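Have a look at the structure below before the remarks.
Protein chains get the first letters and strands the later ones, always in sequence-line order, with residue 1 at the start of each. Below, each value reflects all heavy atoms present in this structure, side chains not excepted, and no hydrogens, waters or symmetry copies.
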There are 2 protein chains.
Amino acid sequence: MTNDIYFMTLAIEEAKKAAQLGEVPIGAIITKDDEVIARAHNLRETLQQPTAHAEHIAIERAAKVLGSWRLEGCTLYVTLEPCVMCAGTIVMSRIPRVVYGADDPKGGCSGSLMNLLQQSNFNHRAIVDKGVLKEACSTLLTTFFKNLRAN
Amino acid sequence: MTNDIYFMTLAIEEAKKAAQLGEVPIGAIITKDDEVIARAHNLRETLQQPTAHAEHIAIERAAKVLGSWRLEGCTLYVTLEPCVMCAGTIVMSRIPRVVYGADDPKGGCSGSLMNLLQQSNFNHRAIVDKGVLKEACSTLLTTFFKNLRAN
RNA sequence: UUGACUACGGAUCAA
RNA sequence: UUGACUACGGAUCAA
Ligand SMILES: [Zn+2]
Ligand SMILES: [Zn+2]
């Protein structure tokens with residue numbers, strides 16, 4: 001029983017809310033000192049905003065809470081591997097650590113298609129840990145799309 | 001080309017607004033049907049939001065007016081080559097064409113360090129044109145950082 | 001520590 | 001068209 005696992009379950013809770021809203025089931029949690037400072041879930045379809053991915057929303061919420069665009073000492077937990085946009089957002093908010101669940105072989109940019117969080121040419125790189133509760137994180141997606149298609 | 005200068009002119013004017021606020025002088029304009037539907041300038045320091053880059057703000061404003069996260073038929077004009085975050089946001093909002101002024105040798109991800117807008121593995125790619133009013137776009141930055149250091 | 005720097009220069013980079 | 005698909009499946013990909 002670890003914090004990483006604990007916080008990921010909280011991210012899965014966010015992913016479930018998204019599923020209840022009819023959105024792709026992806027959730028995110030941001031911590032500082034092992035204290036939740038922000039949480040979010042996918043709201044792209046609900047708000048019709050291209051940036052409404054879970055990580056992106058969480059990052060802006062944490063920035064407001066901390067009073068600065070620099071999220072120093074923060075850790076981001078997300079159920080799915082960050083896409084090109086979120087990976088870049090992580091770089092620009094300078095989050096030092098990212099823990100994610102399932103990999104995204106189709107659009108993942110934190111290890112799959114590329115790792116934008118580990119670029120020597122960027123002014124910031126982040127520690128990247130994957131697999132945390134990936135089975136459960138992955139199940140939410142496959143279930144969602146199964147139903148999406150059936151319907 | 002002349003149309004491009006017209007809109008980049010408005011992006012520079014927007015960039016100057018950011019300058020007056022003490023922000024890195026970058027501005028953006030989004031058009032649809034040859035009409036301006038959104039404009040914005042850098043607000044990172046003012047709002048203390050890591051996502052407050054000009055094109056990112058313009059994209060969310062564009063999405064709001066269109067009531068859709070898909071920016072079909074839109075053209076983005078920005079005074080500086082989009083960074084990793086903005087390039088990714090451009091991909092996630094599915095903008096068909098991007099026109100930028102000055103190149104960013106240090107962080108540009110639309111041709112310089114890489115081109116996230118021409119990724120074979122992504123579900124979206126855009127036409128990228130560079131150099132429009134390159135000189136004017138570049139000067140703003142050169143001046144900003146010269147004064148910043150002296151400051 | 002000095003220098004460089006095109007998204008602050010609180011980052012990064014070179015000695 | 002027809003299928004596949006892990007950020008809608010309005011995209012992309014494959015025949
Ligand atoms: Zn994302
Ligand atoms: Zn940017």
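- The separation between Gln118(B) atom CD and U12(D) atom P is 16 Å, rounded to whole Å.
- The pairing partner recorded for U1(C) is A15(C), the criterion being a Watson-Crick or G-U wobble arrangement whose two distances lie under 3.5 angstrom.
- One interatomic measurement links the two molecules: NE2 of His41(A) to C1' of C8(D), which rounds to 16 Å at whole-angstrom precision.
- Rounded to whole Å, the separation between the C1' atoms of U6(C) and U2(C) comes to 22 Å.
- The shortest side-chain heavy-atom distance between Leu113(B) and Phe122(A) falls under the 4.5 Å cut-off.
- Between the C1' atom of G10(C) and the CG atom of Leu148(B) lies a distance of 12 Å, rounded to the nearest Å.
- For the OP1/OP2 pair of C5(D) and a distance below 4.0 Å, the side-chain nitrogens and oxygens of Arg149(A) include at least one atom meeting the criterion.
- Side chains of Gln119(A) and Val84(B) form no contact here, defined as non-hydrogen atoms less than 4.5 Å apart.
- Looking at the side chain of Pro105(A), the nearest of the listed nucleotides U6(D), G9(C), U6(C) is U6(D).
- Across all strands shown, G10(C) remains unpaired; no Watson-Crick or G-U wobble contact has both distances below 3.5 Å.
- Contact check for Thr143(A) versus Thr139(A): side-chain heavy atoms found under the 4.5 Å cut-off.
- For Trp69(A), the listed nucleotide lying nearest its side chain is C8(C); candidates were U6(D), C8(C), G10(D).
- In terms of position along RNA chain C, the nucleotide closest to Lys134(B) lies nearer the 5' end than the nucleotide closest to the other residue of the pair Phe122(A) and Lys134(B).
- Evaluation of atom-type donor-acceptor distances gives a pair under 3.5 Å for the side chain of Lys106(B) against the base of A11(C).
- Taking atom P in both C8(D) and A15(D), the straight-line distance is 24 Å, to the nearest Å.
- No side-chain donor-acceptor contact under 3.5 Å links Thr89(A) and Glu55(A).
- With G9(D), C8(C), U6(C) as the choices, the nucleotide that has an atom nearest any side-chain atom of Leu141(B) turns out to be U6(C).
- Base contact: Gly22(A) has a heavy atom under 4.0 Å from a base atom.
- Ring geometry for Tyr77(A) against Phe7(A) counts as tilted: the plane angle lies between 30° and 60°, on a 0 to 90° scale.
- The CD-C1' distance, from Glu72(A) to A11(C), rounds to 9 Å in whole Å.
- The same ILVMFWY cluster, assembled from side-chain heavy atoms under 4.5 Å apart, contains both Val24(A) and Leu140(A).
- With sequence neighbours excluded, no residue forms a side-chain contact (heavy atoms from CB on, under 4.5 Å) with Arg125(B).
- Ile95(B) has its CD1 atom 17 Å from the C1' atom of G10(D), to the nearest Å.
- Each of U12(D), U6(C), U6(D) was ranked by its minimum atom distance to the side chain of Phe145(A); first place goes to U6(D).
- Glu45(B) places its CD atom 8 Å from the P atom of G9(C), with the value rounded to the nearest Å.
- Between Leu113(B) atom CG and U6(C) atom P the separation is 14 Å, expressed in whole Å.
- Qualifying side-chain contact (heavy atoms from CB on, under 4.5 Å) partners for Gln49(A), counting only residues two or more places apart in sequence or in other chains: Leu47(A), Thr51(A), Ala52(A), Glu60(B), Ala63(B), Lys64(B).
- Note on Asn121(A): nothing from the nucleic acid sits closer than 4.0 angstrom, heavy atoms only.
- Candidate nucleotides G10(D), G9(C), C8(C) were compared by shortest atom distance to the side chain of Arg94(A), and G9(C) ranks first.
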Grab the N/O contacts between the protein and nucleotides 13-15 of chain C below 3.5 Å, and write none if there aren't any.
none

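- Atom CG of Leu47(A) and atom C1' of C8(D) are 15 Å apart (whole Å).
- Distances shorter than 4.0 Å separate some side-chain N or O of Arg70(B) from OP1 or OP2 on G9(D).
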